[PDB]
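J.: I have a structure I would like to understand better, so I am pasting it below and will then ask my questions one at a time.
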Amino acid sequence: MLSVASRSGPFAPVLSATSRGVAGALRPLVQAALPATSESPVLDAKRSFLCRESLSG
Amino acid sequence: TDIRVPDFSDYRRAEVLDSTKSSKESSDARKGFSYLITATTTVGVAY
Amino acid sequence: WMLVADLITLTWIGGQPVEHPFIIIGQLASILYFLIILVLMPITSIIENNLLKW
Amino acid sequence: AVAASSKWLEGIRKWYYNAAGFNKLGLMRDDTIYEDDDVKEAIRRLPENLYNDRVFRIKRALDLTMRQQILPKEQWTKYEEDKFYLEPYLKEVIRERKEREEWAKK
Amino acid sequence: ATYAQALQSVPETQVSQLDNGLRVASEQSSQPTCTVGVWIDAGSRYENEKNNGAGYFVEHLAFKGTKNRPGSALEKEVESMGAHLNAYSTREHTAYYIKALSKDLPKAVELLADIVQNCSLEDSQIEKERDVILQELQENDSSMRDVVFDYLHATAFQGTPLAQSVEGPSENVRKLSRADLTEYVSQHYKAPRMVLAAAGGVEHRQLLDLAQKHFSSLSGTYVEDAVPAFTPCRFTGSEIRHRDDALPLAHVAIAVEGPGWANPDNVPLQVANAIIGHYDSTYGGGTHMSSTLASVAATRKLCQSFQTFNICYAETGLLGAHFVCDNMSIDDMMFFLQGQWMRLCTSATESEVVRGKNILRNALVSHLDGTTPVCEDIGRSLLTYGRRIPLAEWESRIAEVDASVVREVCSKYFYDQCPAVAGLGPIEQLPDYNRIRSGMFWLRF
Amino acid sequence: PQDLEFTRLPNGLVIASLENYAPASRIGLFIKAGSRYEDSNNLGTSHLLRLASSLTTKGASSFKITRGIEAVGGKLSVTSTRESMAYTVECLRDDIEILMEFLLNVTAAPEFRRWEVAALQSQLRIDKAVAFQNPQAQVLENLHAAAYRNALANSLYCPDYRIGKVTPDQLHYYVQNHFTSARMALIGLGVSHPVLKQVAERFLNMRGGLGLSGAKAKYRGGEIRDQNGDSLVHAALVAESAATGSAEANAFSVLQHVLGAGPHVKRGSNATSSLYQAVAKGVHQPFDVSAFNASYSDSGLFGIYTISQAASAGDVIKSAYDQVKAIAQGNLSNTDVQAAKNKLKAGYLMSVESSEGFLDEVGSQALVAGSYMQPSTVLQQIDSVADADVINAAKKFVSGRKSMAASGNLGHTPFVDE
Amino acid sequence: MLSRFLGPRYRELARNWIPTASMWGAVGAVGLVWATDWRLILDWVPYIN
C-alpha cells in the first residue's frame with residue numbers, strides 16, 4: 001500500500017522511448033562525496049551526465 | 001580551471017583587441033576584406 | 001531473336017538501292033526495332049509474372 | 001477471376017511451368033527471384049532450416065549448369081509440390097516500405 | 001476541458017516591493033507543502049582576477065553559522081522540522097532555498113534572512129573549507145562534460161569576465177582571505193539586487209508581513225551611491241584542443257553566438273533545436289526516430305550521445321551542440337551535424353515545424369510540476385525579464401512561428417559564421433579549423 | 001478537489017481517476033509482474049519485456065508507435081521493481097486519447113517476432129553495464145540473493161549466460177500468465193472517469209482472472225563477498241523484519257529516521273543522525289552510514305549500509321552495529337521519537353507533490369490493498385506509534401539471523417559470524 | 001511511377017530554390033556572350049560596340 005519508493009532503499013530501473021535509463025531512489029546518497037573524493041564514472045559505455053534537465057522551454 | 005587562453009592581440013584585427021563592446025556587431029565590417037578580394041581573383045581568372 | 005533477325009534485315013536493306021520493294025521493307029523494320037524494345041518487351045514480362053502468380 | 005473458364009487457365013499455367021525449366025534443375029519458384037534490396041531483407045528473416053534448404057538447392061543447380069546436364073526426370077520439381085516459402089515474408093517487407101513513404105510526403 | 005481553457009485557469013503571480021527596493025513574489029496553489037528562497041544578482045561574471053573564487057567560497061560558509069545560531073544550531077532546527085536546505089551558484093545568479101511544510105513558513109523566512117544578512121565568516125571555518133574546496137576541484141576534473149563546457153566559455157569569451165569559471169583557479173582558492181569575503185558580501189548582497197520568492201500553499205499578504213519584519217534592516221541606497229553598469233562581453237571564433245589518448249571516449253562541443261535573454265529571436269531558435277533533438281544509446285526506438293541525426297547515429301552506431309543547447313546571458317549567448325563518440329567516429333559526426341544546420345537555413349518544411357512546436361509546448365509545462373521548479377521560475381524571471389511571463393503568453397509566441405520564420409532566423413545566426421570549438425580525449429580525427437569553417441556554407445545557396 | 005473516483009470492475013480491474021484542470025495529462029497501467037514471478041528456467045524475461053515496449057503489435061507497427069508519439073511531443077516509459085511493472089504515457093490534454101490506444105496495444109496485444117527479438121538481445125548487455133557503473137546496484141542484487149532462497153533472490157537484470165537466449169515463446173508465456181485483469185490497475189490524472197471505463201472494455205475481452213501462484217519467499221541467512229578493484233568498500237547487513245501494511249512496519253519506519261536515513265542540509269555534518277555521530281567518534285577518514293529499509297508484500301529487510309576506506313571497514317561496521325544495541329536495551333529519548341515522526345511525515349507529503357510521485361503513490365495502493373486512503377489517514381497511523389514499539393523493533397534486529405554482502409578490497413572486512 | 005516527386009510538401013521545396021534558379025539562366029545570357037563574342041546582344045546596350 002505504501003510503495004517500494006515510499007520507505008527508501010529497494011531498487012527500481014526505468015526504460016524510456018526518448019529518455020535515459022535510470023536506477024534507484026537513494027542509491028547515490030548525499031554526504032558521500034561531501035568528504036574525500038568520490039571521483040565519478042570514467043565512461044566506456046557513455047550514458048548521460050545531466051539527466052534531460054534542459055529544454056525547460 | 002587553471003587553463004586560460006593566452007592573449008592574441010598581436011594578431012587580432014584593428015578594432016577587436018580590447019574586448020569591451022562588440023560581440024556579433026561590426027562583423028560584416030571586418031569580414032569585408034577576405035571576400036571581395038576573392039572577387040578580383042575571379043575577375044582575375046575570368047579572362 | 002525477333003530483334004536480332006530485324007537487325008539482319010536492316011543490314012541487307014542498307015546495301016540495296018532505293019526503289020520500290022526496299023523502301024517499304026526498310027521503314028516497316030525501323031518501326032519494329034523501336035516497338036520491340038519500348039512496348040512489346042515490357043508487356044510480355046508482365047504476362048509471364050501473372051502466369052507464375054508472381 | 002472467371003469461374004467457368006478457370007480450367008482453361010489452369011492448363012496454361014501448367015504449360016508455362018514445364019516450358020520454363022527451373023524444375024529440371026530441381027529448383028522452386030522462389031529460388032529464381034531477382035534479389036533487390038527488398039528481397040534481401042526477406043531472405044535474412046527466414047528461419048534457419050528454410051534458409052539452409054535454399055542454399056543447397058541453388059548450389060546444386062549451379063553445378064549442373066557448369067556441366068550442361070539436368071537431373072533425372074524422377075527428381076524434377078512437380079507443379080503441385082512447389083512451396084511458395086518466401087512470399088509471406090516479402091509481402092510484409094513491401095508493406096512496411098509503403099508506410100515509410102506515405103509518412104514522408106504527408 | 002481544453003488546452004486553451006486550462007492555460008487561463010493557472011493562478012497568477014503577485015509582485016510587491018519594500019521601501020529599500022526588495023521585491024516579493026508568490027504563487028498560491030492550495031497544498032500542504034511550500035518552497036521559499038532568495039535569488040541574488042551575483043556571480044562570477046561580476047568578479048575580476050584577484051577574487052575569482054570569492055562567490056563560491058561564501059556559498060560554502062552560508063549554512064555553517066550566524067551570530068544568533070552558532071555552528072550546528074541552524075542544522076538542528078532545520079532537521080527537527082523535516083525540512084531541506086539547498087543552494088547553487090552559476091555565472092550570473094545565486095540562490096538559497098528551503099523546502100518545508102506550510103505551517104512552518106514564519107520560521108523558514110526568519111532563517112533565510114539570518115543567512116543572507118548576519119552570516120559569520122570566522123577564521124577557523126575558513127582554512128577548513130579551503131581544504132574541502134581544493135579536493136572538490138580534483139573531483140570535477142574527472143567529469144568530462146564539465147571540463148569541456150568550461151573550455152568552451154574560455155575560448156568563446158577569451159578576454160572578458162565571462163571566460164572565467166565559477167569556482168576559480170587553485171591559486172585563488174589558496175589565497176582568499178577574510179577581508180576579501182566580507183567585502184564581497186557588502187557589494188553584491190544588497191536589497192535592490194535580491195528577490196524573495198515562494199510557491200505552494202502560501203498567502204501573499206502573510207509573506208509580505210514577514211518580509212517587513214525580517215528584511216527591512218537592509219540599507220536601500222548604495223554606499224557612496226556608485227551605480228553598476230554591465231560592461232558587455234564579445235564573442236570570438238576560435239578553438240582549443242586537449243589531447244589525451246588514454247581516455248576511452250572523446251568529448252566535442254561547438255557553438256555560434258546566440259541571442260540574450262530578452263531577445264524575441266529565442267522562441268524560433270528553440271523550435272529549431274527541437275528539430276535536431278537529442279540521443280543516447282539506451283533509448284528505445286533508435287532507427288525509427290524522427291530526427292535525422294538520431295536515426296543515422298543509431299543505425300550505424302556512430303556515437304554514445306548528443307544534445308543541443310541554448311545558453312543565454314544578458315547581452316550574449318551560446319548556441320550549438322555537444323557529442324560523445326570513439327576515436328574513429330569524430331569526422332562523420334561533424335559532417336552530419338553541420339549538414340543539419342545548413343538544411344534548416346534553406347529547405348525547412350512546415351511539417352517539421354509543427355513537430356518542433358509541439359515538443360516545446362510539452363517541455364514548458366512539464367518543467368513546472370512541483371513547488372521547487374515553480375519557485376525557481378519565479379525567482380529568476382524577476383531578475384532576467386523583470387516580470388513573470390505567464391504560460392498563455394508563451395503559447396501565443398509559439399503559435400506565430402512557421403517555416404519561413406525558422407528559415408530566416410537560422411540564416412541570421414548559423415550561415416557563414418565562425419564557430420567556437422572545444423575538444424578532449426582521443427581527438428586526432430577532429431577536423432582542422434579551416435575544414436570546419438568551410439562547412440558553415442553551401443556552395444549552392 | 002474531486003479527490004479521486006475509485007471503481008472495481010466485476011473481474012478485478014481497478015480504475016481510478018482524478019480531474020485536475022492542468023494542461024498536461026498522465027496515464028499509468030500498474031501490473032503485478034516483475035522478477036519475483038520467474039523460476040530458474042526463464043531468468044531475465046522481465047528485463048527483456050521492459051526493453052520491448054516499442055516493438056510491433058497487432059494494431060500498430062514499430063514505425064507508427066515511434067513516429068506517432070513523437071509527432072505530438074509525448075513520452076512512453078516503463079518502471080519496474082521486484083514486485084511490480086508500470087507503463088506510463090504523458091502528453092498535452094488535447095492529445096491523450098491518441099496515446100491511450102498505443103498504450104493498450106503494447107500491453108494487451110504484443111507480437112514477438114523472431115527477427116525483432118533477436119536484434120534486441122544486445123541491448124540487455126548495454127543496459128546492465130550502464131546500471132553497474134553505480135557500485136550500489138551490484139551490492140543490492142547480491143544482498144537479495146544472500147537473504148532469500150527464492151522468489152525474492154532474482155535480480156532485476158538478466159544473467160550473463162542468459163543474454164542471447166531469451167526466446168519469443170518465453171515472452172508469450174510470461175504475458176499470458178501474469179498480465180491479467182485481476183492483477184491490473186488503470187490510473188488517470190488529467191482525464192475523466194467515464195472515458196477510462198470505455199477504454200477498459202477494450203481489453204476486458206480476454207485475460208481474465210488471477211494468474212499463477214508464485215511461491216512464498218523463504219528466508220536464507222547467507223553471505224556473498226566480492227573482491228574487486230574498486231576504491232571504497234560497500235557493505236550491507238540486514239535481518240528479516242515485517243511485511244507492508246502492518247503495525248510493525250510503521251515502527252520500523254520510525255526507527256529508520258531515529259538512526260538516520262539521508263541528509264537535509266547541503267554539505268551539513270548530520271547533527272541529528274544517531275548512526276553518523278557514533279561512527280565519527282573514533283573514525284576520522286571519509287565515510288557514510290545510513291539505515292536501510294525494504295518492505296514487500298510478504299517479507300521485509302532492515303539494517304545498515306556503510307561506505308568506507310578498506311583499512312577502516314571493520315571499525316565502521318562495529319561502531320554502527322553497537323549503536324543499534326544501545327537502542328534495543330532502552331536508551332531512547334522522547335524528543336528523539338518526536339523529531340523522527342516529523343521527518344517521516346514531511347517526507348511523505350513532499351513525495352506526493354508532483355504528478356509523477358502522486359501517480360506512483362496511488363498505483364501502489366490499488367495493487368496491494370485495493371483501496372485509496374487520504375494522507376490524513378496515513379498521518380494518523382504514524383502518530384499512533386509508541387516508544388515501546390520502536391524499542392521492540394530494534395530487539396528483533398539484534399536477535400535475528402543476519403545476511404551480508406560486501407564489495408571492494410575485502411581484506412579487513414569482518415565475516416558475518418565475527 | 002515517378003510520383004515519388006508528388007507530395008503535398010515536396011512541391012514546397014520548389015518554392016524556396018527557384019529564386020536561386022531564376023538567375024543562372026541569365027548567366028548564359030551574359031557569360032558566353034562574353035566568350036564567343038556574339039554580335040546579337042552586342043547590339044543591345046550602348047556600353048559595348
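Just remember, in the C-alpha cells the first chain shown is A, the second B, etc., residues are 1-based per chain, and ligands are 1-based in the order shown.
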List as a short mmCIF file (atom, residue, chain, number, x, y, z; two decimals) with N, CA, C and O atoms, in the first residue's frame the protein and nucleic acid residues near stretch 31-45 of chain F, meaning an atom at most 7 Å away when only C-alpha atoms are counted, but skip any in the same chain fewer than 3 places from it.

T.:
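What landed in around35.cif:
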```cif
data_model
loop_
_atom_site.label_atom_id
_atom_site.label_comp_id
_atom_site.auth_asym_id
_atom_site.auth_seq_id
_atom_site.Cartn_x
_atom_site.Cartn_y
_atom_site.Cartn_z
N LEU F 48 13.90 -8.24 -20.42
CA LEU F 48 13.69 -8.06 -21.85
C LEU F 48 12.29 -7.56 -22.17
O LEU F 48 12.11 -6.87 -23.17
N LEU F 49 11.31 -7.89 -21.35
CA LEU F 49 9.97 -7.37 -21.52
C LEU F 49 9.93 -5.87 -21.27
O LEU F 49 9.19 -5.13 -21.92
N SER F 80 9.99 -0.69 -13.27
CA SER F 80 9.81 -1.99 -12.66
C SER F 80 10.47 -2.05 -11.29
O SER F 80 11.36 -1.27 -10.98
N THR F 81 9.98 -2.96 -10.47
CA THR F 81 10.62 -3.31 -9.21
C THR F 81 10.55 -4.83 -9.12
O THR F 81 10.15 -5.49 -10.08
N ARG F 82 10.95 -5.40 -7.99
CA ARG F 82 10.86 -6.85 -7.82
C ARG F 82 9.43 -7.37 -7.79
O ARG F 82 9.23 -8.56 -8.04
N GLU F 83 8.44 -6.53 -7.53
CA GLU F 83 7.06 -6.97 -7.43
C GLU F 83 6.08 -6.28 -8.37
O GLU F 83 4.91 -6.67 -8.38
N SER F 84 6.50 -5.30 -9.18
CA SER F 84 5.54 -4.50 -9.94
C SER F 84 6.14 -3.99 -11.24
O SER F 84 7.34 -3.76 -11.33
N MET F 85 5.28 -3.83 -12.25
CA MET F 85 5.62 -3.17 -13.52
C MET F 85 4.61 -2.06 -13.80
O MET F 85 3.41 -2.23 -13.57
N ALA F 86 5.09 -0.93 -14.33
CA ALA F 86 4.27 0.26 -14.55
C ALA F 86 4.54 0.87 -15.92
O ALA F 86 5.67 1.27 -16.21
N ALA F 151 12.04 -16.66 -4.95
CA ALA F 151 11.01 -15.59 -5.01
C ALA F 151 11.68 -14.22 -4.91
O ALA F 151 11.56 -13.44 -5.87
N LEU F 152 12.41 -13.93 -3.82
CA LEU F 152 12.99 -12.57 -3.66
C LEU F 152 14.52 -12.62 -3.76
O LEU F 152 15.17 -11.78 -3.09
N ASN F 154 15.83 -13.21 -7.09
CA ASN F 154 16.00 -12.96 -8.52
C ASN F 154 16.34 -11.51 -8.78
O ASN F 154 15.70 -10.61 -8.22
N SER F 155 17.33 -11.27 -9.63
CA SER F 155 17.81 -9.93 -9.91
C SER F 155 16.88 -9.19 -10.89
O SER F 155 16.05 -9.79 -11.58
N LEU F 156 17.04 -7.87 -10.94
CA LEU F 156 16.31 -7.03 -11.89
C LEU F 156 16.88 -7.11 -13.29
O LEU F 156 16.19 -6.80 -14.26
N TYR F 157 18.14 -7.51 -13.42
CA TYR F 157 18.84 -7.57 -14.69
C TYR F 157 19.15 -9.01 -15.03
O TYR F 157 19.39 -9.82 -14.14
N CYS F 158 19.14 -9.32 -16.32
CA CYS F 158 19.39 -10.64 -16.90
C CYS F 158 20.80 -11.16 -16.57
O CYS F 158 21.76 -10.39 -16.62
N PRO F 159 20.94 -12.43 -16.21
CA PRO F 159 22.27 -13.01 -16.00
C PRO F 159 23.06 -13.12 -17.30
O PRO F 159 22.49 -13.22 -18.38
N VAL F 166 16.93 -15.58 -24.55
CA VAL F 166 15.53 -15.38 -24.20
C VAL F 166 14.71 -15.49 -25.48
O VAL F 166 14.88 -14.70 -26.40
N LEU F 171 8.57 -15.11 -23.87
CA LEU F 171 7.87 -13.83 -23.73
C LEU F 171 6.36 -13.99 -23.86
O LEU F 171 5.60 -13.33 -23.15
N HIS F 178 0.80 -13.60 -16.47
CA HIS F 178 0.96 -12.61 -15.42
C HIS F 178 0.26 -11.28 -15.70
O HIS F 178 0.10 -10.50 -14.77
N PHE F 179 -0.14 -11.00 -16.94
CA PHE F 179 -0.77 -9.73 -17.27
C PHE F 179 -2.29 -9.85 -17.35
O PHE F 179 -2.86 -9.56 -18.40
N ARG F 183 -5.05 -8.46 -11.81
CA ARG F 183 -3.76 -8.03 -11.29
C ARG F 183 -3.38 -6.64 -11.77
O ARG F 183 -2.21 -6.26 -11.68
N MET F 184 -4.34 -5.86 -12.27
CA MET F 184 -4.07 -4.63 -13.00
C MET F 184 -4.82 -3.45 -12.40
O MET F 184 -5.92 -3.62 -11.87
N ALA F 185 -4.22 -2.27 -12.48
CA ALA F 185 -4.81 -1.01 -12.04
C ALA F 185 -4.56 0.06 -13.09
O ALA F 185 -3.41 0.30 -13.46
N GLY F 214 2.67 -17.41 -7.58
CA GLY F 214 4.08 -17.51 -7.29
C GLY F 214 4.26 -18.13 -5.90
O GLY F 214 3.30 -18.22 -5.14
#
```

J.: Could the residues of chain D within 10 Å of chain E, counting only C-alpha atoms, be given as a PDB file with N, CA, C and O atoms, in the first residue's frame, please?

T.:
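Produced file iface10.pdb, reproduced below:
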```pdb
ATOM      1  N   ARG D 100       6.590   3.929 -44.721  1.00  0.00           N
ATOM      2  CA  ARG D 100       7.595   4.970 -44.551  1.00  0.00           C
ATOM      3  C   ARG D 100       7.548   6.008 -45.661  1.00  0.00           C
ATOM      4  O   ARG D 100       8.105   7.097 -45.503  1.00  0.00           O
ATOM      5  N   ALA D 104       6.400  10.239 -45.368  1.00  0.00           N
ATOM      6  CA  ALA D 104       7.346  11.277 -45.744  1.00  0.00           C
ATOM      7  C   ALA D 104       6.750  12.333 -46.664  1.00  0.00           C
ATOM      8  O   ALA D 104       7.291  13.438 -46.739  1.00  0.00           O
ATOM      9  N   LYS D 105       5.661  12.037 -47.363  1.00  0.00           N
ATOM     10  CA  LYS D 105       5.057  13.070 -48.191  1.00  0.00           C
ATOM     11  C   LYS D 105       3.958  13.814 -47.441  1.00  0.00           C
ATOM     12  O   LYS D 105       3.746  15.005 -47.674  1.00  0.00           O
ATOM     13  N   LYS D 106       3.270  13.143 -46.527  1.00  0.00           N
ATOM     14  CA  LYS D 106       2.318  13.810 -45.654  1.00  0.00           C
ATOM     15  C   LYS D 106       2.989  14.181 -44.336  1.00  0.00           C
ATOM     16  O   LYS D 106       2.601  13.694 -43.278  1.00  0.00           O
TER      17      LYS D 106
END
```

J.: At most 10 Å is the cut-off: for each residue in chain D with any atom that close to an atom of chain F, write down the nearest atom pair and the distance in Å rounded to one decimal, counting only C-alpha atoms, chain first then increasing number, as a Markdown table.

T.:
```
| residue | atom | partner | partner_atom | distance |
| --- | --- | --- | --- | --- |
| D:44 | CA | F:115 | CA | 8.6 |
| D:45 | CA | F:115 | CA | 6.3 |
| D:46 | CA | F:115 | CA | 8.9 |
| D:47 | CA | F:114 | CA | 8.7 |
| D:96 | CA | F:61 | CA | 8.5 |
| D:99 | CA | F:63 | CA | 8.5 |
| D:100 | CA | F:63 | CA | 7.9 |
| D:103 | CA | F:67 | CA | 9.1 |
```

J.: Restrict the selected residues to C-alpha atoms and save them as a JSON list (two decimals), in the first residue's frame.

T.:
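Once everything was written out, this is out_3.json:
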```json
[["chain", "number", "residue", "atom", "x", "y", "z"],
["D", 44, "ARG", "CA", 17.57, -12.73, -43.72],
["D", 45, "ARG", "CA", 14.17, -13.06, -41.98],
["D", 46, "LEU", "CA", 13.79, -16.74, -42.87],
["D", 47, "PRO", "CA", 14.02, -19.46, -40.21],
["D", 96, "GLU", "CA", 6.47, -1.56, -44.41],
["D", 99, "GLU", "CA", 4.25, 3.19, -44.91],
["D", 100, "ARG", "CA", 7.60, 4.97, -44.55],
["D", 103, "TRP", "CA", 4.63, 9.26, -43.99]]
```

J.: Skip stretch 48-54 of chain A itself and residues of its chain fewer than 3 positions away, then list as a tab-separated table (two decimals) with C-alpha atoms, in the first residue's frame all residues within 12 Å of it, counting only C-alpha atoms.

T.:
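Output file around_9.tsv follows:
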```
chain	number	residue	atom	x	y	z
A	18	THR	CA	13.04	9.30	-25.81
A	19	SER	CA	14.83	9.49	-22.43
A	20	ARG	CA	17.58	7.77	-20.49
A	21	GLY	CA	17.81	4.63	-18.38
A	22	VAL	CA	17.76	5.30	-14.64
A	23	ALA	CA	18.29	3.30	-11.42
A	40	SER	CA	32.77	9.69	-10.58
A	41	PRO	CA	32.47	7.38	-13.78
A	42	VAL	CA	35.29	7.13	-16.36
A	43	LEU	CA	32.91	6.29	-19.12
A	44	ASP	CA	33.21	3.39	-21.58
A	45	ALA	CA	29.51	2.90	-22.32
A	57	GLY	CA	11.04	25.76	-22.55
E	142	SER	CA	37.12	13.57	-13.82
E	143	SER	CA	33.77	14.74	-15.15
E	144	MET	CA	34.49	15.26	-18.84
E	145	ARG	CA	31.29	17.14	-19.69
E	146	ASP	CA	32.09	19.77	-17.06
E	251	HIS	CA	34.01	14.94	-25.96
E	270	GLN	CA	14.22	26.72	-29.66
E	273	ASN	CA	16.92	22.91	-31.74
E	274	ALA	CA	13.93	20.69	-31.04
E	277	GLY	CA	16.93	16.67	-31.00
E	278	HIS	CA	18.99	14.53	-28.61
E	279	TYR	CA	20.08	10.88	-28.43
E	280	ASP	CA	21.53	8.28	-26.08
E	281	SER	CA	22.47	4.61	-26.59
E	282	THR	CA	19.88	3.42	-24.04
E	283	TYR	CA	16.89	4.87	-25.96
E	304	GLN	CA	27.12	7.32	-27.48
E	305	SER	CA	25.06	10.53	-27.08
E	306	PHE	CA	24.43	14.05	-28.41
E	307	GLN	CA	22.47	17.10	-27.17
E	308	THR	CA	21.66	20.61	-28.43
E	309	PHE	CA	21.84	23.62	-26.12
E	310	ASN	CA	20.79	27.27	-25.97
E	311	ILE	CA	22.52	29.18	-23.18
E	322	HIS	CA	27.77	18.50	-27.72
E	323	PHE	CA	28.52	14.85	-28.58
E	324	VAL	CA	30.45	11.81	-27.25
E	360	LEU	CA	8.50	22.98	-26.98
E	363	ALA	CA	8.80	20.89	-22.35
E	364	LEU	CA	7.39	24.15	-20.94
E	366	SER	CA	6.46	19.55	-17.79
E	367	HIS	CA	9.19	21.69	-16.23
E	368	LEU	CA	6.64	23.39	-13.94
E	373	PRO	CA	10.62	24.25	-10.07
F	130	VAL	CA	25.29	1.32	-17.54
F	131	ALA	CA	23.45	0.44	-14.32
```

J.: Could you work out which residues of chain F fall inside 7 Å of chain E? Count only C-alpha atoms, and format the result as a ChimeraX atom specification.

T.: /F:21-23,54,63,66-67,71-73,91-94,127,264-266,271-272,339,342-343,346,350,353-355

J.: Export, as a short mmCIF file (atom, residue, chain, number, x, y, z; two decimals), in the first residue's frame, the selected residues with N, CA, C and O atoms.

T.:
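Result file result_23.cif:
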```
data_model
loop_
_atom_site.label_atom_id
_atom_site.label_comp_id
_atom_site.auth_asym_id
_atom_site.auth_seq_id
_atom_site.Cartn_x
_atom_site.Cartn_y
_atom_site.Cartn_z
N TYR F 21 -7.31 20.46 -13.50
CA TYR F 21 -7.52 21.26 -14.69
C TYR F 21 -6.18 21.82 -15.14
O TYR F 21 -6.05 23.01 -15.44
N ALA F 22 -5.23 21.01 -15.18
CA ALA F 22 -3.87 21.21 -15.60
C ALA F 22 -3.74 20.99 -17.11
O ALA F 22 -4.51 20.21 -17.69
N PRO F 23 -2.80 21.67 -17.76
CA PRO F 23 -2.65 21.50 -19.21
C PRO F 23 -2.11 20.15 -19.66
O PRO F 23 -2.31 19.79 -20.82
N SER F 54 8.41 -0.70 -27.59
CA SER F 54 8.16 -0.12 -28.91
C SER F 54 8.40 -1.10 -30.06
O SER F 54 8.88 -0.70 -31.11
N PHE F 63 7.20 1.31 -36.45
CA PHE F 63 7.41 2.63 -37.05
C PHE F 63 6.31 3.60 -36.64
O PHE F 63 6.58 4.78 -36.38
N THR F 66 6.70 4.86 -32.74
CA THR F 66 7.75 5.85 -32.54
C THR F 66 7.42 7.17 -33.22
O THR F 66 7.67 8.24 -32.66
N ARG F 67 6.84 7.13 -34.42
CA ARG F 67 6.53 8.35 -35.15
C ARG F 67 5.27 9.02 -34.63
O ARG F 67 5.20 10.24 -34.58
N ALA F 71 5.22 12.81 -32.76
CA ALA F 71 4.57 13.88 -33.53
C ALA F 71 3.84 14.87 -32.63
O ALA F 71 3.76 16.05 -32.97
N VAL F 72 3.31 14.42 -31.50
CA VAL F 72 2.63 15.30 -30.57
C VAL F 72 3.51 15.68 -29.38
O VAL F 72 3.05 16.39 -28.49
N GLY F 73 4.76 15.23 -29.35
CA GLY F 73 5.65 15.55 -28.26
C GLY F 73 5.50 14.71 -27.01
O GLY F 73 5.93 15.14 -25.95
N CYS F 91 1.24 13.46 -22.25
CA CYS F 91 1.28 14.46 -23.31
C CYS F 91 0.44 15.66 -22.87
O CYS F 91 0.12 15.81 -21.69
N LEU F 92 0.08 16.52 -23.82
CA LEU F 92 -0.83 17.62 -23.55
C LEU F 92 -2.26 17.13 -23.61
O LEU F 92 -2.55 16.11 -24.22
N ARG F 93 -3.16 17.89 -22.97
CA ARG F 93 -4.51 17.44 -22.66
C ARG F 93 -5.36 17.13 -23.89
O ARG F 93 -6.21 16.23 -23.84
N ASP F 94 -5.10 17.78 -25.02
CA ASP F 94 -5.87 17.53 -26.23
C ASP F 94 -5.46 16.26 -26.97
O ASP F 94 -6.20 15.81 -27.85
N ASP F 127 22.35 -2.08 -21.22
CA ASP F 127 21.56 -1.58 -20.11
C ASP F 127 22.11 -2.04 -18.76
O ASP F 127 22.05 -1.30 -17.78
N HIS F 264 19.69 16.44 5.21
CA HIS F 264 18.75 17.51 4.93
C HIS F 264 19.41 18.81 4.52
O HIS F 264 18.77 19.62 3.86
N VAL F 265 20.66 19.03 4.89
CA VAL F 265 21.39 20.25 4.57
C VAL F 265 22.51 19.89 3.60
O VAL F 265 23.20 18.89 3.79
N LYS F 266 22.67 20.71 2.56
CA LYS F 266 23.77 20.54 1.62
C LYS F 266 25.10 20.80 2.32
O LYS F 266 25.30 21.87 2.90
N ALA F 271 23.80 16.42 12.15
CA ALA F 271 23.85 16.57 13.60
C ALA F 271 22.79 15.77 14.34
O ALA F 271 22.98 15.51 15.53
N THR F 272 21.71 15.36 13.69
CA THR F 272 20.66 14.61 14.36
C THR F 272 20.55 13.16 13.89
O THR F 272 19.52 12.52 14.11
N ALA F 339 11.09 14.03 16.83
CA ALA F 339 11.77 14.57 15.66
C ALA F 339 11.83 13.57 14.51
O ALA F 339 11.92 13.98 13.36
N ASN F 342 8.42 13.80 12.64
CA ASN F 342 8.35 14.98 11.78
C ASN F 342 9.04 14.75 10.45
O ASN F 342 8.53 15.18 9.41
N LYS F 343 10.19 14.07 10.45
CA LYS F 343 10.88 13.79 9.19
C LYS F 343 10.13 12.78 8.35
O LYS F 343 10.17 12.83 7.12
N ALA F 346 6.86 14.73 6.91
CA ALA F 346 7.18 15.75 5.92
C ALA F 346 7.72 15.13 4.65
O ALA F 346 7.46 15.64 3.55
N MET F 350 6.01 15.51 0.78
CA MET F 350 6.82 16.05 -0.30
C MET F 350 6.97 15.08 -1.46
O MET F 350 7.30 15.52 -2.57
N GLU F 353 3.89 15.25 -4.23
CA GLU F 353 3.71 16.65 -4.57
C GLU F 353 3.62 16.85 -6.07
O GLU F 353 2.77 17.61 -6.55
N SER F 354 4.47 16.18 -6.83
CA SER F 354 4.48 16.25 -8.27
C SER F 354 3.55 15.18 -8.84
O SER F 354 3.06 14.31 -8.13
N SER F 355 3.32 15.26 -10.15
CA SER F 355 2.43 14.34 -10.84
C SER F 355 3.01 12.95 -10.97
O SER F 355 2.25 11.98 -10.98
#
```

J.: Only residues of chain A matter here; which ones have an atom within 8 Å of chain F, counting only C-alpha atoms? Give them as a PyMOL selection string.

T.: chain A and resi 1-4+6-18+21-23+27-32+34-36+41+45-47

J.: Rank B:13, B:5, B:43, B:36 by their smallest atom-to-atom distance to chain E, using only C-alpha atoms, and report the top residue only.

T.: B:5

J.: Fewer than 2 positions away in the same chain doesn't count, so skip those; otherwise give me all residues within 12 Å of residue B:47, counting only C-alpha atoms, as a PyMOL selection string.

T.: (chain B and resi 40-45) or (chain G and resi 31-32+34-35)

J.: I need the chain C residues near chain D as a PyMOL selection string; criterion: at most 12 Å, counting only C-alpha atoms.

T.: chain C and resi 47-54

J.: Atom CA of residue E:377 and atom CA of residue E:112, how far apart in Å?

T.: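 A separation of 18.8 Å between them.
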
J.: List the spatial neighbours of residue D:57 as number ranges by chain - criterion: any atom at most 9 Å away, only C-alpha atoms, same-chain residues fewer than 6 positions off excluded.

T.: D: 25-28, 31

J.: List the spatial neighbours of stretch 31-35 of chain C as a list in words - criterion: any atom at most 12 Å away, only C-alpha atoms, same-chain residues fewer than 2 positions off excluded.

T.: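 Listed by chain and then number, they are residues 1, 2, 3, 4, 5, 6, 7, 8, 9, 10, 24, 25, 26, 27, 28, 29, 37, 38, 39, 40, 41, 42 and 43 of chain C.
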
J.: Can you pull out every residue within 8 Å of stretch 19-27 of chain E, counting only C-alpha atoms, but drop anything in the same chain fewer than 6 positions away, and send it as number ranges by chain?

T.: E: 11-13, 191-200, 202-204, 207-208, 211, 216, 218-221, 375, 378-379

J.: Here is a test: counting only C-alpha atoms, which residue of E:403, E:233, E:353, E:410 is nearest to residue E:45?

T.: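 For residue E:45, the nearest of the candidates is E:233.
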